[PDB]
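Asker: Okay, here's the structure, questions in a sec.
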Amino acid sequence: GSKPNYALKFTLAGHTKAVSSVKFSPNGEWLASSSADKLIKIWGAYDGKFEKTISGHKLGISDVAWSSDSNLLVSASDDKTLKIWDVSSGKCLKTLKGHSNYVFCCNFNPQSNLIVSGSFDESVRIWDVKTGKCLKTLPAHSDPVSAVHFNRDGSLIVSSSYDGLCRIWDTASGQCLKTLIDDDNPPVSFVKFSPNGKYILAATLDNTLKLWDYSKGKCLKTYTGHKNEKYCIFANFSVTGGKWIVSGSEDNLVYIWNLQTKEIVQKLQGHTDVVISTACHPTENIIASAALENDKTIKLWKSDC
Ligand SMILES: O=C(Cc1ccccc1)NCCCCc1ncc(CO)[nH]1
C-alpha cells in the first residue's frame, strides 16, 4: 500500500555494551553489527540467526561497513585503527594505522579498492584495501568527523563534522569540490549520498534531516518530528517498496517519512534506549535497528510495502 506496516519479527541479543552500527550485506544474506564491547557480530538477515563474532580491536567500535562483493568488512575503532576482515574466516587481513584519535566512521567505495575513514582527529583518510597503506590524508574539518560516504561511481566523498560543515571531496586528488553546508553550528551528525548520487541526506543536532541537491547546493526536503540533539544517528533511503527516509531517534523510536511528502508514515516502538543505527535490506522490505547501552539489542522489522 501507500504506507509501510513494519512489524517486529526478531530481537538479536549478544552485545554486552551499546550497539554502534548495523549494516546489511549487499547480497542480502547477513547483518553485521559493531559495538562499544569491541566486537563485530554477523547474523542471518531473514531469521536473525547468530552466525559468528569477529574480535581483535583493543577498544570499542563506532562503525562497520561491507565491501561491494559482501566478502569483506571494515571497522572503525577507539583504538585509532581500522581493521579489514575476511567475513568467511573472521580473520583480520589488515590493520590501518595513521589516525591520531578515535576512528568514528568508514565505508568502501563501489569498486571496494579504497576505504574512506573519519576520525576525532578532524581528518578524513583514504586507504588502499590491497596493501592497507594510507594513500591520502585530508585536513577535512576543524572538529570530529561524524560520517564519510562515496557516491555511486566512487569519484566523490561526502564528509560531515561537529564543525557544522558538510564537504564534498574529489576522490582522485583529495581536493575539496564544495562546502555544501557552511554554518558555525549546528553540528552535522550524519551525511550520505542518495542511491543515484544526485542528493545528500544530512542530519544536524537540531532534530532535523535535510535532502540537498548536490549540483545546485540547495535544500529540497526537510524531515522533522524525531529527537536528535546529541548522537550521530544514521539515516537511510528505503527503496525496495515505498520511497521512505528512515532514522533512529533519541526517544527510542525508529522514524519513517515519505521522502516526497515529508509526512511521518510510521514510528516503530520496542527499543528501551536511543536508536543509534538503522539499515534497509537491499531487496526485501526489512529494517534493522540498534540501541545504546540500556538496550544493547538489534531488532529486525518487516513490511508488506
Ligand atoms: O554518536 C556517537 C558519538 C557520541 C558519543 C557520546 C555522546 C554524544 C555523541 N556514538 C554512538 C556510537 C557510534 C555511532 C555512529 N558511528 C558512525 C555514525 C555515523 O556516521 N554514527
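If you're wondering about the labels, chains in the C-alpha cells are A, B, ... by order shown, residues count from 1 in each chain, ligands from 1 in order shown.
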With segment 99-116 of chain A as the partner and 12 Å as the cut-off, tabulate the residues of segment 227-290 of chain A that qualify, each row holding the nearest pair of atoms and their distance in Å to one decimal, using only C-alpha atoms, sorted by chain and rising number, as a Markdown table.

Answerer:
| residue | atom | partner | partner_atom | distance |
| --- | --- | --- | --- | --- |
| A:232 | CA | A:104 | CA | 9.8 |
| A:233 | CA | A:105 | CA | 11.7 |
| A:234 | CA | A:105 | CA | 10.7 |

Asker: Within 10 Å of segment 240-244 of chain A, counting only C-alpha atoms, which residues qualify if same-chain residues fewer than 5 places away don't, as an mmCIF file with N, CA and C atoms, in the first residue's frame?

Answerer:
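Result saved to around-v5.cif:
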data_model
loop_
_atom_site.group_PDB
_atom_site.id
_atom_site.type_symbol
_atom_site.label_atom_id
_atom_site.label_comp_id
_atom_site.auth_asym_id
_atom_site.auth_seq_id
_atom_site.Cartn_x
_atom_site.Cartn_y
_atom_site.Cartn_z
ATOM 1 N N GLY A 1 0.839 -1.235 0.000
ATOM 2 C CA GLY A 1 0.000 0.000 0.000
ATOM 3 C C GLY A 1 0.855 1.260 0.000
ATOM 4 N N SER A 2 0.236 2.421 0.216
ATOM 5 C CA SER A 2 0.885 3.760 0.192
ATOM 6 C C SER A 2 1.779 3.965 1.428
ATOM 7 N N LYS A 3 1.500 3.252 2.523
ATOM 8 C CA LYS A 3 2.228 3.382 3.816
ATOM 9 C C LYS A 3 2.859 2.043 4.171
ATOM 10 N N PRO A 4 4.001 2.013 4.887
ATOM 11 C CA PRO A 4 4.574 0.743 5.308
ATOM 12 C C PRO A 4 3.876 0.256 6.586
ATOM 13 N N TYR A 255 11.895 6.255 13.127
ATOM 14 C CA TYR A 255 11.001 7.144 12.336
ATOM 15 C C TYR A 255 11.114 6.779 10.859
ATOM 16 N N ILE A 256 9.973 6.732 10.174
ATOM 17 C CA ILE A 256 9.879 6.519 8.698
ATOM 18 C C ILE A 256 9.029 7.650 8.128
ATOM 19 N N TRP A 257 9.585 8.385 7.163
ATOM 20 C CA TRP A 257 8.913 9.512 6.477
ATOM 21 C C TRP A 257 8.671 9.088 5.034
ATOM 22 N N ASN A 258 7.618 9.607 4.410
ATOM 23 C CA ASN A 258 7.509 9.662 2.932
ATOM 24 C C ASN A 258 8.549 10.676 2.437
ATOM 25 N N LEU A 259 9.418 10.271 1.505
ATOM 26 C CA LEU A 259 10.545 11.111 1.018
ATOM 27 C C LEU A 259 10.007 12.358 0.308
ATOM 28 N N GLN A 260 9.000 12.191 -0.554
ATOM 29 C CA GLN A 260 8.413 13.283 -1.377
ATOM 30 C C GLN A 260 7.569 14.219 -0.507
ATOM 31 N N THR A 261 6.675 13.684 0.331
ATOM 32 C CA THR A 261 5.656 14.480 1.072
ATOM 33 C C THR A 261 6.240 14.993 2.395
ATOM 34 N N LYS A 262 7.226 14.286 2.966
ATOM 35 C CA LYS A 262 7.888 14.604 4.273
ATOM 36 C C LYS A 262 6.984 14.257 5.470
ATOM 37 N N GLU A 263 5.855 13.576 5.253
ATOM 38 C CA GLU A 263 4.980 13.146 6.370
ATOM 39 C C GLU A 263 5.614 11.937 7.058
ATOM 40 N N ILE A 264 5.528 11.877 8.379
ATOM 41 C CA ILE A 264 5.853 10.644 9.144
ATOM 42 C C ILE A 264 4.803 9.601 8.775
ATOM 43 N N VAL A 265 5.228 8.440 8.298
ATOM 44 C CA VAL A 265 4.273 7.367 7.881
ATOM 45 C C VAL A 265 4.310 6.193 8.867
ATOM 46 N N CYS A 280 18.498 -0.590 5.865
ATOM 47 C CA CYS A 280 17.405 -1.063 4.992
ATOM 48 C C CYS A 280 17.947 -2.174 4.114
ATOM 49 N N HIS A 281 17.278 -3.321 4.105
ATOM 50 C CA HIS A 281 17.720 -4.519 3.357
ATOM 51 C C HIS A 281 17.748 -4.172 1.869
ATOM 52 N N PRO A 282 18.748 -4.660 1.104
ATOM 53 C CA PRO A 282 18.874 -4.298 -0.314
ATOM 54 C C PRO A 282 17.779 -4.812 -1.262
ATOM 55 N N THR A 283 17.032 -5.864 -0.904
ATOM 56 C CA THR A 283 15.985 -6.442 -1.808
ATOM 57 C C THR A 283 14.616 -6.603 -1.132
ATOM 58 N N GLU A 284 14.567 -6.896 0.168
ATOM 59 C CA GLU A 284 13.324 -7.110 0.952
ATOM 60 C C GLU A 284 12.972 -5.861 1.773
ATOM 61 N N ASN A 285 11.687 -5.681 2.084
ATOM 62 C CA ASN A 285 11.220 -4.576 2.962
ATOM 63 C C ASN A 285 11.520 -4.968 4.418
ATOM 64 N N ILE A 286 12.794 -4.872 4.800
ATOM 65 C CA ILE A 286 13.296 -5.240 6.154
ATOM 66 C C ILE A 286 14.148 -4.081 6.652
ATOM 67 N N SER A 303 7.869 -5.418 6.532
ATOM 68 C CA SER A 303 6.695 -4.688 5.994
ATOM 69 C C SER A 303 6.266 -5.365 4.697
ATOM 70 N N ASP A 304 4.971 -5.333 4.398
ATOM 71 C CA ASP A 304 4.415 -5.825 3.108
ATOM 72 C C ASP A 304 4.659 -4.780 2.007
ATOM 73 N N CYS A 305 5.042 -3.543 2.367
ATOM 74 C CA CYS A 305 5.051 -2.361 1.464
ATOM 75 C C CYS A 305 6.296 -1.504 1.692
#

Asker: Identify, counting only C-alpha atoms and all ligand atoms, the protein, DNA and RNA residues located within 8 Å of ligand 1, and give them as a PyMOL selection string.

Answerer: chain A and resi 18-21+35-36+61-63+104-106+146-148+189-191+230-234+276-277+292

Asker: Hey, what does DSSP flag as strand (DSSP E) within segment 155-275 of chain A? Can you give it to me as JSON, numbers by chain?

Answerer: {"A": [156, 157, 158, 159, 160, 161, 165, 166, 167, 168, 169, 170, 176, 177, 178, 179, 180, 181, 182, 188, 189, 190, 191, 192, 193, 199, 200, 201, 202, 203, 204, 208, 209, 210, 211, 212, 213, 218, 219, 220, 221, 222, 223, 235, 236, 237, 238, 244, 245, 246, 247, 254, 255, 256, 257, 258, 264, 265, 266, 267, 268, 275]}

Asker: Using only C-alpha atoms, can you tell me which of A:120, A:162, A:50, A:169 comes closest to residue 203 of chain A?

Answerer: A:162

Asker: Which polymer residues have any atom within 12 Å of an atom of residue 96 of chain A, counting only C-alpha atoms, with same-chain residues fewer than 5 positions away left out, as a list in words?

Answerer: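 Returned residues: residues 57, 74, 75, 76, 77, 79, 80, 81, 82, 83, 84, 85, 103, 106, 114, 115, 116, 117, 125, 126, 127, 128, 129, 130, 131, 132, 133, 134 and 135 of chain A.
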
Asker: Name the residues in contact with residue 213 of chain A at a cut-off of 8 Å, using only C-alpha atoms, excluding same-chain residues fewer than 3 positions from it; report them as an MDAnalysis selection string.

Answerer: chainID A and resid 198:200 216:220

Asker: May I ask which of the residues A:174, A:139, A:118, A:195 is the closest one to residue 159 of chain A, counting only C-alpha atoms?

Answerer: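 Ranked by minimum distance to residue 159 of chain A, first place goes to A:118.
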
Asker: What gap, in Å, lies between atom CA of residue 166 of chain A and atom CA of residue 182 of chain A?

Answerer: 7.2 Å

Asker: May I ask which of the residues A:88, A:33, A:194, A:11 is the closest one to residue 239 of chain A, counting only C-alpha atoms?

Answerer: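 Checking each of A:88, A:33, A:194, A:11 against residue 239 of chain A, counting only C-alpha atoms, the winner is A:194.
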
Asker: Near residue 288 of chain A, within 9 Å and counting only C-alpha atoms, which residues show up once chain neighbours fewer than 2 positions away are dropped, as a list in words?

Answerer: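 Everything that qualifies: residues 22, 23, 24, 31, 45, 277, 278, 279, 280, 281, 286, 290, 298, 299, 300 and 301 of chain A.
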
Asker: Tell me which protein, DNA and RNA residues are within 6 Å of segment 13-17 of chain A, counting only C-alpha atoms, leaving out same-chain ones fewer than 2 positions away, and put them as a PDB file with N, CA, C and O atoms, in the first residue's frame.

Answerer:
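Okay, selection_12.pdb is ready:
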ATOM      1  N   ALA A  36      30.435  -0.943  21.205  1.00  0.00           N
ATOM      2  CA  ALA A  36      31.365  -0.461  22.256  1.00  0.00           C
ATOM      3  C   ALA A  36      32.032  -1.652  22.969  1.00  0.00           C
ATOM      4  O   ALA A  36      33.052  -1.412  23.626  1.00  0.00           O
ATOM      5  N   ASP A  37      31.486  -2.882  22.868  1.00  0.00           N
ATOM      6  CA  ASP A  37      32.063  -4.096  23.525  1.00  0.00           C
ATOM      7  C   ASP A  37      33.278  -4.632  22.763  1.00  0.00           C
ATOM      8  O   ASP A  37      33.762  -5.739  23.148  1.00  0.00           O
ATOM      9  N   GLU A 293      23.247   1.538  25.435  1.00  0.00           N
ATOM     10  CA  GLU A 293      23.640   0.519  26.450  1.00  0.00           C
ATOM     11  C   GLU A 293      22.491   0.140  27.395  1.00  0.00           C
ATOM     12  O   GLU A 293      22.628  -0.918  27.994  1.00  0.00           O
ATOM     13  N   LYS A 296      21.005  -2.551  24.121  1.00  0.00           N
ATOM     14  CA  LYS A 296      22.094  -3.396  23.555  1.00  0.00           C
ATOM     15  C   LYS A 296      21.556  -4.485  22.606  1.00  0.00           C
ATOM     16  O   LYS A 296      22.334  -5.419  22.317  1.00  0.00           O
ATOM     17  N   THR A 297      20.318  -4.370  22.134  1.00  0.00           N
ATOM     18  CA  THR A 297      19.725  -5.322  21.154  1.00  0.00           C
ATOM     19  C   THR A 297      19.650  -4.691  19.762  1.00  0.00           C
ATOM     20  O   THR A 297      19.698  -3.441  19.628  1.00  0.00           O
TER      21      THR A 297
END

Asker: I'd like the neighbourhood of residue 209 of chain A as a PDB file with N, CA, C and O atoms, in the first residue's frame, where a residue qualifies if any of its atoms comes within 8 Å (using only C-alpha atoms), though same-chain residues fewer than 4 positions away should be ignored.

Answerer:
ATOM      1  N   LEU A 201      21.786  13.331   1.915  1.00  0.00           N
ATOM      2  CA  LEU A 201      20.929  13.319   3.121  1.00  0.00           C
ATOM      3  C   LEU A 201      21.818  13.688   4.306  1.00  0.00           C
ATOM      4  O   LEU A 201      22.860  13.017   4.500  1.00  0.00           O
ATOM      5  N   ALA A 202      21.470  14.737   5.043  1.00  0.00           N
ATOM      6  CA  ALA A 202      22.288  15.255   6.162  1.00  0.00           C
ATOM      7  C   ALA A 202      21.456  15.441   7.435  1.00  0.00           C
ATOM      8  O   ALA A 202      20.387  16.092   7.387  1.00  0.00           O
ATOM      9  N   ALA A 203      21.966  14.935   8.547  1.00  0.00           N
ATOM     10  CA  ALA A 203      21.400  15.112   9.898  1.00  0.00           C
ATOM     11  C   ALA A 203      22.173  16.227  10.607  1.00  0.00           C
ATOM     12  O   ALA A 203      23.409  16.211  10.535  1.00  0.00           O
ATOM     13  N   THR A 204      21.467  17.127  11.294  1.00  0.00           N
ATOM     14  CA  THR A 204      22.060  18.148  12.203  1.00  0.00           C
ATOM     15  C   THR A 204      21.461  17.973  13.599  1.00  0.00           C
ATOM     16  O   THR A 204      20.310  17.469  13.693  1.00  0.00           O
ATOM     17  N   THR A 222      13.044  18.702   3.973  1.00  0.00           N
ATOM     18  CA  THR A 222      13.327  18.708   5.427  1.00  0.00           C
ATOM     19  C   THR A 222      12.420  17.678   6.116  1.00  0.00           C
ATOM     20  O   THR A 222      11.208  17.672   5.806  1.00  0.00           O
ATOM     21  N   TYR A 223      12.969  16.880   7.034  1.00  0.00           N
ATOM     22  CA  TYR A 223      12.257  15.827   7.804  1.00  0.00           C
ATOM     23  C   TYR A 223      12.447  16.124   9.288  1.00  0.00           C
ATOM     24  O   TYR A 223      13.619  16.215   9.756  1.00  0.00           O
ATOM     25  N   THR A 224      11.336  16.335  10.000  1.00  0.00           N
ATOM     26  CA  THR A 224      11.333  16.596  11.457  1.00  0.00           C
ATOM     27  C   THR A 224      10.251  15.764  12.149  1.00  0.00           C
ATOM     28  O   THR A 224       9.446  15.133  11.451  1.00  0.00           O
TER      29      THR A 224
END

Asker: Nearest to residue 155 of chain A among A:143, A:173, A:250, A:68, with distances taken over only C-alpha atoms: which residue is it?

Answerer: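 Comparing A:143, A:173, A:250, A:68 against residue 155 of chain A, the winner is A:173.
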
Asker: Rank A:185, A:225, A:51, A:59 by their smallest atom-to-atom distance to residue 90 of chain A, using only C-alpha atoms, and report the top residue only.

Answerer: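 The answer is A:51, which sits nearest to residue 90 of chain A.
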
Asker: From the set A:268, A:274, A:168, A:205, which residue has the shortest atom-to-atom contact distance to residue 150 of chain A, counting only C-alpha atoms?

Answerer: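 For residue 150 of chain A, the nearest of the given residues is A:168.
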